[PDB]
């Protein structure tokens, strides 16, 4: 099925410059859910305002990490069974870190916003609903980290 090629096609534009695009992603996220900010604790300090995050090298490395894990999920768009065991542990990591299950709908909304603003004309509704089901599956797997 070329639902998996809508994704691969949309991703190649984005994956051209991942840090620029993942910066869009996290600016949108904090605009939607300001209380996600304090969970990025590096040397036990809390950023005051969203813009403080953009000067932090650790924060920017975490962006590069987000974009590599999305890249991996793309690279396995049919058989996301490979990544399950990893995504589960990635979930549990984020549970320890303080992330709550409800914050996934926000991360999802931010991913779509970033895709939408990046592809403009090409973000067609089949593309949206593709990313939307992929993301839903990435989410099911990550959720095992909260205990099934």
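Numbering follows the first chain given and starts at 1.
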property: Stretch exceeding the other in mean C-alpha B-factor - 17-25, 130-138; result: 130-138
property: Of 35-43 and 84-92, the stretch whose C-alpha atoms average the higher B-factor in the entry; result: 84-92
property: Residue 123 - which third its CA temperature factor falls in, relative to the rest of the chain; result: highest
property: For residue 79, the third of its chain into which the C-alpha B factor falls; result: highest
